[PDB]
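>>> Let me see the structure of the following:
(chains A, B, C and D, ligands or ions: 4)
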Number of protein chains: 2
Amino acid sequence: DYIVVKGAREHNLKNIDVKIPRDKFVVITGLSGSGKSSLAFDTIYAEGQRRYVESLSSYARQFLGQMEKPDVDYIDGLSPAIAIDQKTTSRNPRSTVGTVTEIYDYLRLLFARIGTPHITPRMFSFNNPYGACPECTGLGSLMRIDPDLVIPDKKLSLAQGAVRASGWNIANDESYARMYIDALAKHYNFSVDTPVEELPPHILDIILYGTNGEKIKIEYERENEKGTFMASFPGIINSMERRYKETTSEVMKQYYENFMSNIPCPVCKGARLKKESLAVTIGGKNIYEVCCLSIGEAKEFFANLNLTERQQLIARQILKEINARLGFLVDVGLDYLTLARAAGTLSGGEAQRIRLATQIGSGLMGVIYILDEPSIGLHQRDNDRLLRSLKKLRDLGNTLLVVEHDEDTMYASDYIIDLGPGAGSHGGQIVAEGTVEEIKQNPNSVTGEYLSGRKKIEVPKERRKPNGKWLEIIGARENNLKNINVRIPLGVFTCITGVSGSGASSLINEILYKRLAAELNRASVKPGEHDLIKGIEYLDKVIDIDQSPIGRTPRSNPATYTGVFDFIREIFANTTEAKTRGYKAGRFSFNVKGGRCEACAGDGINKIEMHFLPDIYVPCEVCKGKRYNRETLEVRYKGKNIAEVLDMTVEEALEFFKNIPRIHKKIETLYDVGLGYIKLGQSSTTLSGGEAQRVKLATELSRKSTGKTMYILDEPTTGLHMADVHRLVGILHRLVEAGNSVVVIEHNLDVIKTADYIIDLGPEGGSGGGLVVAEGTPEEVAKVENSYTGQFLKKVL
Amino acid sequence: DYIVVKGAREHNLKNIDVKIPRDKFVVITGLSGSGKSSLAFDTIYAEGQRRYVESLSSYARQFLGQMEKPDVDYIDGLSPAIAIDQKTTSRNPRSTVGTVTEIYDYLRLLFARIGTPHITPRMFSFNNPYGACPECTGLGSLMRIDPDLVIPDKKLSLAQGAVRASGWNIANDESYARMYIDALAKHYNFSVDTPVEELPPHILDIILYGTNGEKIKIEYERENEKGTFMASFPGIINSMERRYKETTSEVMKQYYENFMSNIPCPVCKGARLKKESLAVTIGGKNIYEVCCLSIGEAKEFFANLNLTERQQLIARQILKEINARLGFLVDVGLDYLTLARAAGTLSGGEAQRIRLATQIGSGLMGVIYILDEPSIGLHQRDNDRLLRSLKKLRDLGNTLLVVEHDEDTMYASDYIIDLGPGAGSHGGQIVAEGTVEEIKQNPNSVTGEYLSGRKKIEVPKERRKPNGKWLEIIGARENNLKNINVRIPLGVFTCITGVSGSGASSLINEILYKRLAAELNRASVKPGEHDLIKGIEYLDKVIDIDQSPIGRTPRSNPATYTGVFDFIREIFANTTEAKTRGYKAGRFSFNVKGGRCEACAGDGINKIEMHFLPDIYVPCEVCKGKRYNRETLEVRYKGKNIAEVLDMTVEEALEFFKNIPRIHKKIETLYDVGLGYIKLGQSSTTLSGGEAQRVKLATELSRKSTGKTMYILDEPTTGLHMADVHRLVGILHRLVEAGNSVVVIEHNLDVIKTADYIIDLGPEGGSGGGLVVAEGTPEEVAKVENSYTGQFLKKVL
DNA sequence: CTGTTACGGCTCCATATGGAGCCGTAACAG
DNA sequence: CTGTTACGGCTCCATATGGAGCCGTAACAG
Ligand SMILES: [Zn+2]
Ligand SMILES: [Zn+2]
Ligand SMILES: [Zn+2]
Ligand SMILES: [Zn+2]
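Residues are numbered from 1 along each chain as shown, chains lettered A, B, ... in the order given. Ligands and ions are numbered 1, 2, ... in the order given. See below for the structure:
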């Protein structure tokens, strides 16, 4: 009846152990990336997944992949578990919101049972060929490439290579497309220098859609081989379509869709079903009409249902389940959604909420549920609704482990596990355990210290004012915006906030950023609706802050990203011993040959292949992971070597380089970034989202002052303790005082309190918004009665 | 707290419903393939697997495969479940008995912690390259092809095609190997007519192992293409090795291993580890020495452990877990096994028992466990041990659903679910529910009828005697046989039985059957140890009875298998209307063109492809599944058509053809096969193991009398009710009275009682046997005190 | 009339080159 | 000394033909 773990040594697990009670509401929190989150993510979940997947069918076990065994000694009292992560999937257009909502099939069954034609339940579905629209083969649209995007260079000759698609080059002899181009030219007797615009329509059709698969001879003359073969040219369009059909990568899919556009099927149009299916009328509405309705209006519509007595009797189960699913969806809070809406077009938090609602509807109790950041992407009322839903799910009879930072969740929690006190070598130990009251009584918990109010976010005594430099965006009607006009000043720590799903963040991410990037940084991406933008001359450069990893290659290090490695190499080159040895400054760098270990090429790992086992990585024995030649490593400066510096700690580095101001300024920048515990040479892939964000903000701070720069941060409060939030707020204020501009779209109460100009967009999400709710100083905004954000700010202040 | 299902319509589920209590021991039983087993296998398990796999990671969901949705209305109160099926997997040689037993890692950790060199725990393992034997790369053997099996025809010329391996033909110009042969001949200037024996050693080495990958020109002259290319010939051996490495099919793997043999690595030899690893001595033994020990002797060895006080203190967990695992393995009853034994070399029942033991050791409680036929492959004492283990696992806190026929399991069960009364259209309804007592009180349950003793297997009043015709096998020492001599008479319903894992069944399946097949049916398979076989002239033909499907293609039907379709076609051809129409007798057959529907080619299904969906099968609209042309189907004989006859029922067919003795004799043979409920034209793939066995026995019965035939049945009692066992026994007696011979190796008490001559091999499984325990009439055998089977027979009698 | 063998026909299963992002280096301007 | 731009180099990710078993048909013997 307990989750007992002993001898855990994952990452920074200092052989910690704890007894987790079953069938309760326990929350684990700590410092940003302190290791408690990693432990909870990768010890219990990994043990359960291994103990389950293995015991399953062997073939399915290798199909789903063999999970790596953990370093924990033994785990007792475990159970099968599910993970509601934050990394969404592109999925396929065949997937639908109703399909993943576990409501489309129920709606189809209800329509088949109760609805009348103007009758098999299979015909109501749109995934089986027994009832499909042939025009779009059930897809709803028509993914066709754009002839104006593949080879728009009409004036360019055929030999010039107007078509820029990969594998279709015509100016390269070594290209695989050169043989096909030569065969087509032989079959057409047309000069390759003819312009694309001047090409005959028949020749253009043959090039695009192929030569109807007729027999044709293609000549091949390689360096050491020659001959000819009979084949057919499908054409550029057909080749691209086949490649897209055979594609299985999200990046390749996005690249291919960049040159294509799915034209909504005109025959069916949001139906993807046979005409006669729409004839089934239930309550004077169609299945598509029901699906396109909003969740709240759908609940209202199904509440006013009225039919025959037999229909009511048969509805004692189907309609009851439909009502329960609608109520669960309402409790999720994502009312600004449609059953017919595209599954892919959704936020990560929205996807997590939808998955939670589907799990609640399923009712599979007696399991372990591990969620991540439920508070992210929700308003205060949404937080209350999520807490109620979590309490209900716990009442269903399962033990839940959540990781978050919302104070209300901790108050509603039963047992709290805190790991600290610091991060890395400064933490990794269980500070305390028990309920909230004794956690507050505990004087060794940083979370308890923040709860007790000893350290609190003091509201600023003074607020900055605009300097007359404003950016004007008026008439934008992208997504759900109803031609809204917003006056956004620049030069202060202003922010935009509102209820969940209002779309203001979508507007900022899809219109303003795209326009600014196209204007300044020359980014060729089509933006959304945009009438006019003013104040363009005020700013010069714009940058973005996201959660993307700094680098996907192991050839990069955070020291390289910050550039301190260059100063270190220069200092090493300035050494008298280095000058005597004649070593170049470039030799003190692992990225290039000259000093790197030739055995592993500086990678530090070796690949070993087995007949019945996958690739195995082991440390390189020649250089023992030092990634430096012995002769190069023989140099010593101030009692330290280049390898030692690369393996050194930032906390030690700050005290080490007390006489190197050039390096020191970046050192103290990194220290003020609040990431001194991070290794100076940690692997780039090993970095977490918080670490990457800290690195990016440190790099931004180290940048020279310009006074005409703007920054956009997407939910910086995600994955951060209250002290981390305070540090981030201080960094934001110092960046604003530097002379740049800050744009923030978040929902943290402390961040809103620290703001100087609040922008409100509402008054409801989805179709219920599109108008600027209010604007002004936070004190003036709190005076507005018709604003949830204003009421929350007034309560906070 | 209940498993509630309503509106289930899977196969023959007549909208049945039932409430299954949770956390109990409930057993479901019924007629052979009555549908209750299929329901329990494919309703609850399918619902749980879907509700789990889906909610998991999406990418893993498509990796493991999307389970099809069931036809049930809704399932309430479900839980994640695991399935211990009977279909084993070939797996890989890297897999080990200790690995799947979850004991190899524990043993390695114990050896690392306690053992002393003559020290990292990773070096003890044999799956990581950090400690491996390079000779065999951890495999233990060396899978090399046999030069005496690839092209043994030394006298055959190179052009003749001595190498019979697929893709290496030399006598076929169109073969892909012809170009390589021509290139090799050009590079060697050797005549293709030279004998393989007369080929120079250098030429043979070049052919086998390749030409060291050197540059070579291969000429190609196709019908419409020509040219040449520079490439290298890896050789026959290298090509076969690469194909085996790239192989991913069990059938292809078996075909390739038919020409290969894994020679035990001589460097390591049952070690696959680095020399220094064997230096670690624990209790005066090696890790391999511990693994090769029997389970019981290993438990005894670890019981006498004695080390330092620190070792004992550290062993409070590791040694306790090892002892618990050993005790669980002992409770499994598979004492005749070794930790170092090959994982693949095991029986299906042994694999199921091992999986059950591993699951018990895991301790993941609060789940649903569905096993199949625990009694199969076990002795009476093993049945008691399995019942105790199941009771323990239920005490661990999980709800178990077992399907079996052992009376002891029903007695130990709490709730029993019986579905009947018949099969197919004659059953599919819940007969009764409750405990065993009220089940016996219920007069409508066939299981209760058998339990009450109203219908019982009467012991035969007289037993047949040998007619002096005997088969003598003496000195066979295959597997664990210790040069045993057995006198097996022929001409009576004799049988061989013993304790589980004795190996006598393995001896019969690996020596006697192989020798008989090679002698009579000309089967070229190498048998095991065999000194001499006598009485060969007594028998003429030998046949085998297994659980393999009758046919993997949908072009075959049970009517075609039994041959009644030929008589039906002849009768239809004899019709006056058919003679007037001039239709040939072959037209009344769907297998060939002439009368079949050209739209579906007689398949009856159509394939529809979608861009984002897999292949979909739908009934063919042109012929509506009748699989006959309209003009051909227009004929009517005795008020019925050929399509109607093909779709008719056997129970109706027996009354239909009362004036057709030629067909009637096979009709009543099929009826006596006890499978009248089966459709006369059911799909071959749709047939179950019991149905296939019934079909095979019916075909054997319909065979003309010869008096010199023998039959071998492998566990016919599997998947059969007590009445089904009675019917099978009666069929066996009638087959024996026909004039043939019957050899049975099973463990059913009723089958043993019905036997006339019992062969006993023991006295213990594995290394504890190899000697004939006893022999004689069942009454005389019961008088033997030193025989578990004899004691069981005496108790039964 | 029945069993066996041989042959033909059918079906299902099996087996290397181009592009984007990042790091290091050189050059130019303030 | 510092910031910016341009170029070169490096790495990781991406995109049809032969064989075994079965059914139907013809021929031959009892
Ligand atoms: Zn359409
Ligand atoms: Zn190295
Ligand atoms: Zn070896
Ligand atoms: Zn058809």
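
>>> just the helices in the stretch 51-200 of chain A please.
Ranges of helices within the stretch 51-200 of chain A are A:58-64, A:97-100, A:104-114, A:121-124, A:147-150, A:176-188, based on DSSP state H, counting those that start in this stretch.

>>> Please tabulate those in a markdown table, including the columns distance to residue A:359.
(C-beta placed from N, C-alpha, C; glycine too.) Conversion of the helices of the stretch 51-200 of chain A to a markdown table gives the following (distance: least, C-beta to C-beta, whole Å):
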| stretch | distance to residue A:359 |
| --- | --- |
| helix A:58-64 | 19 |
| helix A:97-100 | 11 |
| helix A:104-114 | 16 |
| helix A:121-124 | 25 |
| helix A:147-150 | 41 |
| helix A:176-188 | 48 |
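
>>> Point out the other helices and strands that the strand or helix carrying residue A:310 packs with.
With the criterion set as DSSP states H and E, the secondary-structure element containing residue A:310 is helix A:309-332. Contact here means 3 or more C-beta pairs under 8 Å, 6 or more residues apart in numbering or on different chains; DSSP states H and E; on that basis helix A:309-332 packs against helix A:104-114, helix A:295-303, helix A:348-362, helix A:380-395.

>>> Make a markdown table from the ones you listed and add distance to residue B:517 and mean neighbour count to it.
A markdown table is the format used below for the helices and strands packed on helix A:309-332 (distance: least, C-beta to C-beta, whole Å; neighbours: other C-beta atoms under 10 Å in any protein chain shown):
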| stretch | distance to residue B:517 | mean neighbour count |
| --- | --- | --- |
| helix A:104-114 | 53 | 20 |
| helix A:295-303 | 69 | 16 |
| helix A:348-362 | 54 | 21 |
| helix A:380-395 | 62 | 17 |
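
>>> Of all the ones you listed, which one is nearest ligand 3?
Between ligand 3 and these, the tightest spacing by C-beta to the ion is seen for helix A:348-362, at 48.9 Å.

>>> my guess is residue A:474 meets residue A:488, correct?
No - taking C-beta atoms under 8 Å as the definition, residue A:474 is not a contact partner of residue A:488, at 10.9 Å.

>>> ok, these two, which is more surrounded?
The residue with the greater number of neighbours, taking residue A:474 and residue A:488 and applying other C-beta atoms under 10 Å in any protein chain shown, is residue A:488; the counts read 19 against 14.

>>> got a list of what the more buried one touches?
The neighbourhood of residue A:488, defined by C-beta atoms under 8 Å, 6 or more residues apart in numbering or on different chains, consists of A:470-473, A:494, A:512, A:743, A:759.

>>> do the same with residue A:9
A:15, A:71-73.

>>> quick one on the thing from earlier: got a quick PyMOL command for the buried subset of the contacts of residue A:488?
Only the buried entries of these go into this PyMOL selection, using 16 or more other C-beta atoms under 10 Å in any protein chain shown:
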select buried, chain A and resi 471+473+494+512+743+759
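
>>> between the helices of the stretch 51-200 of chain A, which gets nearest to residue B:643?
helix A:121-124 (25.1 Å; C-beta to C-beta).

>>> name the helices or strands packed onto that closest one?
Under the contact criterion of 3+ C-beta pairs under 8 Å, 6+ apart, helix A:121-124 touches helix A:104-114, helix A:275-278.

>>> try 6 Å
Helices and strands touching helix A:121-124, as assessed by 3 or more C-beta pairs under 6 Å, 6 or more residues apart in numbering or on different chains; DSSP states H and E, comprise helix A:104-114.

>>> buried stuff in the helix holding residue A:310?
For helix A:309-332, burial by neighbour count (16+ other C-beta under 10 Å) applies to A:311, A:315, A:318-319, A:321-322, A:325-326, A:328-332.

>>> try stretch A:145-152
Under the neighbour-count criterion of 16+ other C-beta under 10 Å, stretch A:145-152 has A:145, A:150-151 buried.

>>> for those, which one is nearest chain B?
Comparing those against chain B with C-beta to the nearest C-beta picks out residue A:145 as the nearest, at 14.7 Å.

>>> Contacts only, for the closest one.
For residue A:145, the contact set (C-beta atoms under 6 Å, 6 or more residues apart in numbering or on different chains) comprises A:237, A:240, A:259-260.

>>> Now do the helices in the stretch 601-750 of chain A.
Counting by DSSP H, counting those that start in this stretch, one finds helices in the stretch 601-750 of chain A at the ranges A:630-633, A:642-646, A:650-656, A:661-672, A:689-702, A:722-738, A:749-754.

>>> Convert the longest one to PDB, retaining C-alpha atoms only.
Read that as helix A:722-738. Presented in PDB, the C-alpha positions along helix A:722-738 are these (Å, rounded to 0.1, in the frame of the first residue of the first chain):
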ATOM      1  CA  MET A 722       9.100  31.300  -6.500                       C
ATOM      2  CA  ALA A 723      12.700  32.300  -5.900                       C
ATOM      3  CA  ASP A 724      13.500  31.500  -9.500                       C
ATOM      4  CA  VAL A 725      10.500  33.700 -10.500                       C
ATOM      5  CA  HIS A 726      11.900  36.500  -8.400                       C
ATOM      6  CA  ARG A 727      15.300  36.100 -10.100                       C
ATOM      7  CA  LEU A 728      13.700  36.200 -13.500                       C
ATOM      8  CA  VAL A 729      11.700  39.300 -12.600                       C
ATOM      9  CA  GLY A 730      14.900  41.000 -11.400                       C
ATOM     10  CA  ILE A 731      16.600  40.100 -14.600                       C
ATOM     11  CA  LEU A 732      13.700  41.500 -16.600                       C
ATOM     12  CA  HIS A 733      13.800  44.800 -14.700                       C
ATOM     13  CA  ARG A 734      17.600  45.100 -15.200                       C
ATOM     14  CA  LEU A 735      17.200  44.300 -19.000                       C
ATOM     15  CA  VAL A 736      14.500  47.000 -19.200                       C
ATOM     16  CA  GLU A 737      16.700  49.500 -17.300                       C
ATOM     17  CA  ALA A 738      19.500  48.600 -19.800                       C
END
